[PDB]
Asker: 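The structure's right below; bear with me while I get my questions together.
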Amino acid sequence: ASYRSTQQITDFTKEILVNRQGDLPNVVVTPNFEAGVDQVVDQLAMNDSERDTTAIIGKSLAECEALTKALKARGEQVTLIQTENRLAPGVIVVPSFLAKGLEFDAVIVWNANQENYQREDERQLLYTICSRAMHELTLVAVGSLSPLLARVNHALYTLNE
């Protein structure tokens, strides 16, 4: 409640709900799972280069496990977190439900797509996940972008930059 995100992140995230300056959130829509993982690898390298500390937030444990296995096969040091606090201050992969009470410098939202975020009732979840980012926010979607994001003003983020 003391932490606040950049205006860019605040403005993008507020529009997910139907009710500090930094980079516009970047959204990248990719054709398949392996291309999504490419973008995660690339974003981690970009964030590292700007001296960010990044968390990747996946919706569910199963999706986090699939991403984790893939990222390790890209040579990443990955910690699929089981508590907020195990190993490897390199890449944290955080299921949404474990991100409670946490804020991160940079967040990569894993697979913000239609299948994963289809329902009006899921707006609160997607909002909450994105709102964990303090300074840099990236969304990667496999297939199509979540329809919940259609309402967001296109000025508030970049798409496939």
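Positions are given from 1, in the same order as the sequence printed here. Side chains included, hydrogens not; waters and symmetry mates left out as well; all remaining heavy atoms used.
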Asker: Are any side-chain N or O atoms of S49 and backbone N or O atoms of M46, one a donor and one an acceptor, separated by less than 3.5 Å?
Answerer: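 Yes, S49 side chain to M46 backbone: donor-acceptor pair under 3.5 Å.
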Asker: For a quick test of reading the model, state the closest non-hydrogen atom pair linking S144 to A141 and the distance between them.
Answerer: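 For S144 versus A141, the nearest heavy atoms are O-CB, 3.9 Å.
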Asker: Nearest 0.5 angstrom please: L71 CG to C64 SG, how far?
Answerer: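 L71 atom CG to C64 atom SG measures 10.5 Å (nearest 0.5 Å).
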Asker: Does the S146 side chain pair with the main chain of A112, one donor and one acceptor, at a distance under 3.5 Å?
Answerer: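 Such a contact is absent between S146 side chain and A112 backbone.
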Asker: Considering all heavy atoms of both residues, which atom of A99 and which atom of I57 are nearest to each other, and what is their separation?
Answerer: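 Nearest heavy atoms, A99 then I57: CB-CD1, 4.4 Å.
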Asker: Roughly how far, to the nearest 0.5 Å, is the CZ atom of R132 from the CD1 atom of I9?
Answerer: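 Here the interatomic distance stands at 13.5 Å.
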Asker: Taking the side chain as everything from C-beta on, heavy atoms only, tell me whether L145 gets closer than 4.5 Å to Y117.
Answerer: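 Side chain of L145 against side chain of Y117, heavy atoms only: no contact under 4.5 Å found.
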Asker: Same cluster for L98 and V78 if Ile/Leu/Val/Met/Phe/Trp/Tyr side chains link at under 4.5 Å?
Answerer: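 Both belong to a single hydrophobic cluster.
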Asker: Quick check: closest heavy atoms across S5 and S131, and the distance to 0.1 Å?
Answerer: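 Minimum heavy-atom separation between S5 and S131: OG-O, 4.0 Å.
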Asker: Do side-chain atoms of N160 reach the backbone of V29 as a donor and acceptor pair under 3.5 angstrom?
Answerer: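 Such a contact is found between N160 side chain and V29 backbone.
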Asker: Hydrophobic cluster membership, with links at side-chain heavy-atom distances under 4.5 Å among I/L/V/M/F/W/Y: are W110 and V28 in one?
Answerer: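 Each belongs to a different hydrophobic cluster.
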Asker: Could you measure the distance from the OG1 atom of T6 to the CG atom of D23? Nearest 0.5 Å is fine.
Answerer: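 Going from OG1 on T6 over to CG on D23, the span is 8.5 Å.
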Asker: Do the side-chain N and O atoms of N116 and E63 include a donor-acceptor pair separated by under 3.5 angstrom?
Answerer: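 The criterion, which ignores hydrogens and geometry beyond distance, is satisfied for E63 and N116.
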Asker: Quick one: do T53 and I92 satisfy side chain to side chain contact (heavy atoms under 4.5 Å, CB included)? Show the steps, please.
Answerer: CA-CA 9 Å; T53 300; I92 58 181; over 6 Å; no
Asker: Which pair of non-hydrogen atoms, one from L87 and one from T79, has the smallest distance, and what is that distance?
Answerer: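 Closest approach of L87 to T79: O-OG1, 2.6 Å.
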Asker: With sequence neighbours excluded, give me every side chain to side chain donor-acceptor pair (under 3.5 Å) pair touching residues 83-96.
Answerer: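 Side chain to side chain donor-acceptor pair (under 3.5 Å) check on residues 83-96 returns no pairs.
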Asker: If a pair satisfies side chain to side chain donor-acceptor pair (under 3.5 Å) and one of its residues is in residues 27-47, list it, with sequence neighbours excluded.
Answerer: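 Every pair satisfying side chain to side chain donor-acceptor pair (under 3.5 Å) with a residue in residues 27-47: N26-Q43, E34-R74, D38-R74, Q43-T138, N47-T54.
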Asker: For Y157, what residues pass the ring pair (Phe, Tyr, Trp, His ring centres under 6.0 Å) criterion, not counting sequence neighbours?
Answerer: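 Here the qualifying residues are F12, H154.
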Asker: To the nearest 0.5 Å, how far apart are CG in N113 and CG in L148?
Answerer: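 Rounded to the nearest 0.5 Å, the CG-CG separation comes to 10.5 Å.
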Asker: Using salt bridge (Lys or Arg N to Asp or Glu O under 4.0 Å) as the criterion, list what pairs up with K14, not counting sequence neighbours.
Answerer: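 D11.
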Asker: Drop me the distance from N111's CG to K59's NZ, to the nearest 0.5 angstrom.
Answerer: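 Spacing of CG (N111) from NZ (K59) equals 8.5 Å.
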Asker: Determine the sole option in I16, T13, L17 for which the side-chain contact (heavy atoms from CB on, under 4.5 Å) test with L126 is passed.
Answerer: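 That would be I16; it is the only one of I16, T13, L17 passing the side-chain contact (heavy atoms from CB on, under 4.5 Å) with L126.
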Asker: Does any pair with a residue in residues 139-161 pass salt bridge (charged side-chain N to carboxylate O under 4.0 Å, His left out), and if so which ones, sequence neighbours excluded?
Answerer: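 Salt bridge (charged side-chain N to carboxylate O under 4.0 Å, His left out) check on residues 139-161 returns no pairs.
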Asker: Can you tell me which residue pairs pass the salt bridge (charged side-chain N to carboxylate O under 4.0 Å, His left out) test with a partner in residues 99-120, sequence neighbours excluded?
Answerer: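 Listed by first then second residue: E120-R123.
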Asker: Please report the interatomic distance CG(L61) to CZ(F97), rounded to the nearest 0.5 Å.
Answerer: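 CZ of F97 is found 5.5 Å from CG of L61.
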Asker: Please check if atom CG in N153 has more than 12 non-hydrogen atoms from other residues, nucleotides or ligands closer than 6.0 Å.
Answerer: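 Buried by this count: over 12 neighbours within 6.0 Å.
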Asker: Of all heavy-atom pairs between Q8 and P25, which one has the smallest distance, and what is that distance?
Answerer: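 It is O-CD, 3.9 Å.
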Asker: Exactly one of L139, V109, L137, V140 should register a side-chain contact (heavy atoms from CB on, under 4.5 Å) with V27. Which one does?
Answerer: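 Among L139, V109, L137, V140, the one meeting side-chain contact (heavy atoms from CB on, under 4.5 Å) with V27 is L139.
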Asker: If you group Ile, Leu, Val, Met, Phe, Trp and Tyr by side-chain heavy-atom gaps below 4.5 Å, do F104 and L125 land in one group?
Answerer: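 Same cluster: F104 reaches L125 through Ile, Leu, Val, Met, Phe, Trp or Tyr contacts under 4.5 Å.
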Asker: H135 vs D52, test: side chain to side chain contact (heavy atoms under 4.5 Å, CB included). Steps then yes/no.
Answerer: CA-CA 9 Å; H135 305 126; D52 295 338; 5.7 Å; no
